[PDB]
S.K.: 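Next up is a structure, given as structure tokens.
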Amino acid sequence: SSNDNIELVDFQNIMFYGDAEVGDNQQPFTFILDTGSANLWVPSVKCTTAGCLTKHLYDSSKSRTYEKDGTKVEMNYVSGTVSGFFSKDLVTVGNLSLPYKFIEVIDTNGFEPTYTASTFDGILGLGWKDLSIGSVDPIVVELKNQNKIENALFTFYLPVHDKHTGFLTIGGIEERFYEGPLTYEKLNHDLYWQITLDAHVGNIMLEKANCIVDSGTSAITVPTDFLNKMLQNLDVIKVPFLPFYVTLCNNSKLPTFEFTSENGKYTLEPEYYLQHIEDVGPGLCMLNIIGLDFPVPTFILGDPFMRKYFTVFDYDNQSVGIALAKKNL
Ligand SMILES: CC(C)c1nc(CN(C)C(=O)N[C@H](C(=O)N[C@@H](Cc2ccccc2)C[C@H](O)[C@H](Cc2ccccc2)NC(=O)OCc2cncs2)C(C)C)cs1
Ligand SMILES: C[C@H](CCC(=O)NCCC[N+](C)(C)CCCS(=O)(=O)[O-])[C@H]1CC[C@H]2[C@@H]3[C@H](O)C[C@@H]4C[C@H](O)CC[C@]4(C)[C@H]3C[C@H](O)[C@]12C
Ligand SMILES: C[C@H](CCC(=O)NCCC[N+](C)(C)CCCS(=O)(=O)[O-])[C@H]1CC[C@H]2[C@@H]3[C@H](O)C[C@@H]4C[C@H](O)CC[C@]4(C)[C@H]3C[C@H](O)[C@]12C
């Protein structure tokens, strides 16, 4: 009905979070909404670590829909590890509710310093079942199976800093969120939001590259070889000890990413991957790009791509729909 959604709030023009609840008493948590994972976790009142002092914590004893599991789980992300045990309780996203298996986290030491530095309490996975720990049906799929929504799909309309808030819409496509044509790219993986695109950056290209559309990566990642070729004679300087590159914001050597399919063309101009850091010096920007090598040459089209392009994640049609995000409104 209409279209169920959760508001997306920009954090310092580099991350975005949405709020959902756990327990029949609707205990509120702030989440990274992560299309690149397939589990929900919240920090427990039983959490024994420094990071949890600054967070909204889940109290299973205060929920009468809580069902004990206790199966120990370690959740290993590329950027950190959280551990605890499975619990079952009511999960509410927008105005949609369902009983759900999630991880009750008691150790966040492996998630620092990012955890304490950030406003999110946990991570809400929007991936595929066979990627999940504990064989958990994805929230959006379950809601469709329960006839709580018209379609097993969700859309990302990211917030733009000082322009507009964003929305995760569950169960329907709103035309308000995108201008121009919506192009559907079929998945090249059984259990990941990953599509095939030719990647062109200036004179260098990777043919039929694996491209993950990842709401839960706050950067563009490119293969390390590709990045080394991109940055040759570009007048950019890497930060000592850190995989981040600094440039003059006005550096006209900075290239436009061009990603092409049989039916689509997506470009990402420097304004979409530049981060102003003028506290550090005059007219200096960081590139929101990092080198990351997968066994197959892979790009992560993270936050910076999804700031520019509205995205539809369709379980039933096993495709990602891409359209230019509407600027205002
Ligand atoms: C400067 C810039 C780099 C910034 N990053 C941030 C926030 N960070 C740390 C990230 O986004 N980091 C990314 C990340 O790990 N994202 C993660 C969420 C997260 C965020 C913050 C801290 C800890 C975890 C979420 C991403 O979807 C990644 C994508 C991925 C998957 C496999 C292999 C490589 C990459 N997913 C996972 O790591 O999930 C693995 C799984 C575990 N169980 C099932 S799959 C990396 C891919 C770069 C703020 S500013
Ligand atoms: C998971 C990857 C490392 C992948 C890996 O294990 N790579 C081994 C091969 C290395 N090389 C390609 C250089 C060898 C090939 C030689 S070649 O000549 O081919 O280049 C590592 C490398 C740099 C890491 C980030 C930074 O720490 C900054 C920050 C610290 C926070 O706390 C957590 C978040 C964040 C964003 C980190 C996330 C993640 O953790 C990254 C991407
Ligand atoms: C081979 C590497 C893993 C790292 C590696 O180089 N070697 C480890 C071998 C495998 N494990 C030891 C984890 C097996 C555990 C079972 S064991 O029997 O060992 O206990 C490959 C094999 C399959 C890959 C994932 C899947 O494609 C799905 C998905 C595609 C996206 O594009 C990127 C994210 C993700 C989760 C991929 C991550 C990573 O890229 C994997 C684990």
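All residue numbers refer to positions in the sequence shown, counting from 1. We use all heavy atoms of the structure for the numbers below, so side chains are in, but hydrogens, waters and symmetry mates are not.
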S.K.: Should we count CD of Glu112 as having more than 12 external heavy atoms under 6.0 Å?
M.R.: yes

S.K.: Answer with yes or no whether the side chains of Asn5 and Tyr157 bring together a donor and an acceptor at under 3.5 Å.
M.R.: no

S.K.: Please walk me through it: do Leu287 and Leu274 pass side chain to side chain contact (heavy atoms under 4.5 Å, CB included)?
M.R.: CA-CA 5 Å; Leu287 282 64; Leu274 287 174; 4.3 Å; yes

S.K.: Return the CG to CD distance between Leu57 and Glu104, rounded to the nearest 0.5 Å.
M.R.: 10.0 Å

S.K.: CD of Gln12 to CD of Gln275: how many Å apart, nearest 0.5 Å?
M.R.: 9.0 Å

S.K.: Is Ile14 atom CD1 crowded by more than 12 heavy atoms from other residues, nucleotides or ligands, each under 6.0 Å away?
M.R.: yes

S.K.: With a 4.5 Å cut-off on side-chain heavy atoms, are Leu126 and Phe313 touching?
M.R.: no

S.K.: With no hydrogens and no angle check, do the side chains of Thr224 and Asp293 hold a donor and an acceptor under 3.5 Å apart?
M.R.: yes

S.K.: Quick one: do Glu269 and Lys308 make a salt bridge, cutoff under 4.0 Å?
M.R.: yes

S.K.: Is there a side-chain contact between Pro223 and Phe299 (heavy atoms, below 4.5 Å)?
M.R.: yes

S.K.: How about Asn203: does its CG atom have over 12 heavy atoms from other parts shown lying under 6.0 Å from it?
M.R.: no

S.K.: What class does the angle between the rings of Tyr115 and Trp41 fall in, given that below 30° is parallel, 30 to 60° is tilted and above 60° is perpendicular?
M.R.: tilted

S.K.: According to the interplanar angle, ranging from 0 to 90°, do the rings of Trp193 and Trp128 count as parallel (below 30°), tilted (30 to 60°) or perpendicular (above 60°)?
M.R.: tilted

S.K.: With a 3.5 Å cut-off and no angle check, do the side chains of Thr49 and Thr108 form a donor-acceptor pair?
M.R.: yes

S.K.: What about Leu33 and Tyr315, same hydrophobic cluster or not, with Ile/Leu/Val/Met/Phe/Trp/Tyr joined at side-chain heavy-atom distances under 4.5 Å?
M.R.: yes

S.K.: Are the side chains of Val320 and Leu187 in touch, meaning some heavy atoms are under 4.5 Å apart?
M.R.: yes

S.K.: Using the test side chain to side chain contact (heavy atoms under 4.5 Å, CB included), find all partners of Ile106 that sit at least two apart in sequence or belong to another chain.
M.R.: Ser44, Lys46, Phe85

S.K.: Got a donor-acceptor contact below 3.5 angstrom from the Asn188 side chain to the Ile195 backbone?
M.R.: yes

S.K.: State whether the number of non-hydrogen atoms from other residues, nucleotides or ligands found under 6.0 Å of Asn95 atom CG is greater than 12.
M.R.: no

S.K.: Check whether any side-chain heavy atom of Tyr178 sits under 4.5 Å from a side-chain heavy atom of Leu324, and report yes or no.
M.R.: no

S.K.: Taking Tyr66's backbone N and O only, do any of them form a donor-acceptor pair with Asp89's side chain (distance below 3.5 Å, no angle check)?
M.R.: yes

S.K.: Do the rings of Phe257 and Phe259 sit parallel, tilted or perpendicular, given the 30° and 60° boundaries?
M.R.: parallel

S.K.: For the atom pair NZ (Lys101) and NZ (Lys88), what is the distance rounded to the nearest 0.5 Å?
M.R.: 9.0 Å

S.K.: State the OG-CD distance between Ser60 and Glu67, to the nearest 0.5 angstrom.
M.R.: 12.0 Å

S.K.: Is there side-chain contact between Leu90 and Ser63, with at least one heavy-atom pair below 4.5 Å?
M.R.: no

S.K.: Distance only, no hydrogens: is a donor on one side chain within 3.5 Å (strictly under) of an acceptor on the other, for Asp19 and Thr30?
M.R.: yes

S.K.: Does atom NZ of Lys72 have more than 12 heavy-atom neighbours, drawn from other residues, nucleotides or ligands, at distances under 6.0 Å?
M.R.: no

S.K.: According to the interplanar angle, ranging from 0 to 90°, do the rings of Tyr17 and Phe120 count as parallel (below 30°), tilted (30 to 60°) or perpendicular (above 60°)?
M.R.: tilted

S.K.: What is the distance from atom CZ of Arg307 to atom OH of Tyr272, rounded to the nearest 0.5 Å?
M.R.: 12.0 Å

S.K.: Is the backbone of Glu142 close enough, under 3.5 Å, to the side chain of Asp137 for a donor and an acceptor to pair up by distance?
M.R.: no

S.K.: On a heavy-atom basis, which atom in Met230 and which in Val222 lie closest, and how many Å separate them?
M.R.: SD-CG2, 4.5 Å

S.K.: Could you grab the distance from atom CD1 of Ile123 to atom CG of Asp34, nearest 0.5 Å is fine?
M.R.: 6.0 Å

S.K.: Got a sec: does the NZ of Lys229 have more than 12 other heavy atoms crowding it under 6.0 Å?
M.R.: no

S.K.: Under 4.5 Å between any side-chain heavy atoms of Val136 and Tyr100, yes or no?
M.R.: yes

S.K.: Between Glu150 (side chain only) and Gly172 (backbone N and O only), is there a donor and an acceptor less than 3.5 Å apart?
M.R.: no

S.K.: Are there over 12 heavy-atom neighbours, none belonging to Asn76, within less than 6.0 Å of that residue's CG?
M.R.: yes

S.K.: Only counting residues at least two apart or in another chain, list the ones meeting disulfide (SG to SG under 2.5 Å) with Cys285.
M.R.: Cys249

S.K.: Side chains of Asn3 and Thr169 only: does a donor on one sit below 3.5 Å from an acceptor on the other?
M.R.: no

S.K.: With no hydrogens and no angle check, is any side-chain donor or acceptor of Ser215 less than 3.5 Å from a backbone partner on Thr35?
M.R.: yes

S.K.: In the structure I gave you, are the side-chain heavy atoms of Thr217 and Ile212 within less than 4.5 Å of one another anywhere?
M.R.: no

S.K.: Are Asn39 and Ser37 close enough that a side-chain donor and a side-chain acceptor fall under 3.5 Å?
M.R.: no

S.K.: Is it the case that the side chains of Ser261 and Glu185 hold a donor-acceptor pair, with the cut-off being a distance below 3.5 Å and no angle test?
M.R.: yes

S.K.: Mark yes or no for whether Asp314, through its side chain, and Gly321, through its backbone, hold a donor-acceptor pair below 3.5 Å.
M.R.: no

S.K.: Are the side chains of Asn317 and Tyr184 in touch, meaning some heavy atoms are under 4.5 Å apart?
M.R.: no

S.K.: Any donor and acceptor pair, going by atom type alone, linking the side chain of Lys253 with main-chain N or O of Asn233 inside 3.5 Å?
M.R.: yes

S.K.: For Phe29, does its backbone N or O pair with a side-chain atom of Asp121 as donor and acceptor, under 3.5 Å?
M.R.: no

S.K.: I'd like to know if the side chain of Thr114 reaches the main chain of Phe111, judged simply by a donor and an acceptor atom lying under 3.5 Å from each other, with no hydrogens or angles considered.
M.R.: no

